[PDB]
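[1] Give me a model of this one.
(12 chains, ligands or ions: 13)
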Amino acid sequence: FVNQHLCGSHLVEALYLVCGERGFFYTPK
Amino acid sequence: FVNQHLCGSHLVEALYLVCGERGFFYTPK
Amino acid sequence: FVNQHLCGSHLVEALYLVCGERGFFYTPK
Amino acid sequence: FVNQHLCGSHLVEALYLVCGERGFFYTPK
Amino acid sequence: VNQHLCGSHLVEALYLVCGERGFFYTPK
Amino acid sequence: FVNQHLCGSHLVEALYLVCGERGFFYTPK
Amino acid sequence: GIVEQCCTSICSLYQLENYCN
Amino acid sequence: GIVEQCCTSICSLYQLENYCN
Amino acid sequence: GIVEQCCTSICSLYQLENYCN
Amino acid sequence: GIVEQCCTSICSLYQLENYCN
Amino acid sequence: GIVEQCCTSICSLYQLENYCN
Amino acid sequence: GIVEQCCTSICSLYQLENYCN
Ligand SMILES: Oc1cccc(O)c1
Ligand SMILES: Oc1cccc(O)c1
Ligand SMILES: Oc1cccc(O)c1
Ligand SMILES: Oc1cccc(O)c1
Ligand SMILES: Oc1cccc(O)c1
Ligand SMILES: Oc1cccc(O)c1
Ligand SMILES: Oc1cccc(O)c1
Ligand SMILES: Oc1cccc(O)c1
Ligand SMILES: [Cl-]
Ligand SMILES: [Cl-]
Ligand code: NA
Ligand SMILES: [Zn+2]
Ligand SMILES: [Zn+2]
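    Numbering: from 1, shown residues only, chains lettered A, B, ... in the order given. Ligands and ions are numbered 1, 2, ... in the order given. Coordinates below:
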C-alpha cells in the first residue's frame, strides 16, 4: 500500500513532465 | 524565468496528496 | 533501511503542506 | 507568497537529508 | 535562489528523460 | 525494477545538493 | 484555472480539493 | 514514531496533522 | 489502471504519454 | 550552460535529451 | 528565520545543519 | 555502481560526494 503511494507520487510528476501543455487526468482506481 | 512551470510541478504533488483515491485533473490552460 | 529513508522524504513534504504556518517537528527517533 | 512557499518546500527536503537521524524543526514563523 | 530551485527540477527532468542512459549535469 | 527507479530519483536530488557547482555524472550501470 | 488561481497567492489544501475528481 | 506509524500503512492528512506544531 | 501497469514495471515516458489529455 | 538555457525559458524534452549520456 | 535567511540567498549544507536539532 | 551501493543501504552525504565531478 505505502509502496504504491510513493510510486504514485513519482508517477504524477512524470505525467506532468511528458504531458506538458495538454494536461492529464490521474485516476488510481 | 520558468516560474509557472515550477509552480505547476508543486501543485500536482499537493493535488496528489489532497485528492487521494479520487485522483484529479490537471489542465494548465 | 532504504525503504524507510525514501518514505521519510515524502513524509516531510506531506507535513510541510499539511501543517502550513504551524510548522512541524520531524524526529525519526 | 508562492515563491516563499515553493522555497520552503525545497528547504524541508534539504534539512531532511543533512540532518539525518537527528531530525529537525521547521518553524517559518 | 531562483536558479538553485530551477536546477533541482532540471536534474529530476533529466533523470526521467535519460532513463538507463544516465546523464551529465554541469552548471559551471 | 521500479524500486531501483524510485531510489535513483532521490539519489539524483541528493547528488545535486551535495555536488553543487561541481555537478556530476549519473550513470545507472 | 488552477494556475491563475494558485501561482501568485497560496491555495490552501481546502481550496485545492476543488480540483479533485 | 511517525516512521513506524506512517511507513507501514498510509497515514491520512488528518493523521499527519497530529505531528504539526 | 496506471498503478497496476507502472508501479510493477518501469513505464518509459513514451508509454506514459498515452495517459495525457 | 544548462541553467542559463533552461531556467530563463522552458526546455523541451529534445533539448533536455542533449544532456543524456 | 530560516526562510528570510535561506530563500533570499543560497544556504550551503553547512549553514543548514544549524537547524538540525 | 551508485545504485548497488546506495539503494541497498543508506549512503551518507559524505559517501555521495564521491560521485561528484
Ligand atoms: O523563486 C521562485 C520559484 C518558483 C516560482 C516563483 O514564483 C518564484
Ligand atoms: O498555491 C500553491 C502552489 C503550489 C503548491 C501549493 O501547495 C499551493
Ligand atoms: O503514510 C504516508 C507516507 C508518506 C507520505 C504520505 O503522505 C503518507
Ligand atoms: O513506472 C514508473 C513509475 C513511477 C515513475 C516513473 O517515471 C515510471
Ligand atoms: O526548463 C525546465 C526547467 C525545469 C524543468 C523542466 O522540465 C524544464
Ligand atoms: O537556500 C536554500 C533554499 C532551498 C534549498 C536549499 O538547499 C538551499
Ligand atoms: O558536505 C556536507 C556533507 C554532509 C553534511 C554536511 O553538513 C555537509
Ligand atoms: O542511499 C540513498 C538513497 C537515496 C537518497 C539518498 O540520500 C541516499
Ligand atoms: Cl520513493
Ligand atoms: Cl520551485
Ligand atoms: Na515566468
Ligand atoms: Zn520517492
Ligand atoms: Zn520546486
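[2] show me the contacts for residue 1.
    By default, I'm working from chain A. Taking Cβ atoms under 8 Å, 6 or more residues apart in numbering or on different chains, we find residue A:1 in contact with H:9-10. Just so you know, the C-beta spots here come from the backbone N, C-alpha and C atoms, and that holds for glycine as well.
[3] my question was about chain G
    Per Cβ under 8 Å, 6+ apart, neighbours of residue G:1: B:27-29.
[4] Repeat the analysis, applying 10 Å as the threshold.
    For residue G:1, the contacting residues are B:27-29, G:7, G:19, by Cβ atoms under 10 Å, 6 or more residues apart in numbering or on different chains.
[5] Can I get the buried part of these as one ChimeraX selection?
    Selection of the buried residues among the contacts of residue G:1 in ChimeraX, burial being defined by 16 or more other Cβ atoms under 10 Å in any protein chain shown:
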select /B:28 /G:7,19
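[6] got a markdown table for the contacts of residue G:1, with secondary structure too?
    As requested, these are exported to a markdown table (DSSP: H, G, I helix; E, B strand; the rest coil):
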| residue | secondary structure |
| --- | --- |
| B:27 | coil |
| B:28 | coil |
| B:29 | coil |
| G:7 | coil |
| G:19 | helix |
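[7] right, and residue G:2 touches residue B:4 too?
    No: assessed by Cβ atoms under 10 Å, residue G:2 is found out of contact with residue B:4, at 11.0 Å.
[8] burial count for residue 13?
    Since you didn't name a chain, this refers to chain A. Using other Cβ atoms under 10 Å in any protein chain shown, residue A:13 has 20 other residues around it.
[9] oops, chain G please
    Residues near residue G:13, counting by other Cβ under 10 Å: 15.
[10] Of all the residues in chain A, which one is nearest chain H?
    residue A:5 (5.1 Å; Cβ to the nearest Cβ).
[11] now chain G
    Closest point on chain G to chain H, by Cβ to the nearest Cβ, is residue G:13, at 7.0 Å.
[12] what's stretch G:2-16 in contact with?
    A:23, B:3-8, B:10-12, B:14-15, B:17-19, B:24-29, C:17-18, C:20, D:1-6, G:1, G:17-19, H:13.
[13] Ligand 3 next: which of the residues you listed are close?
    residue B:17 (Cβ under 6 Å from any ligand atom).
[14] Many thanks, have a good one.
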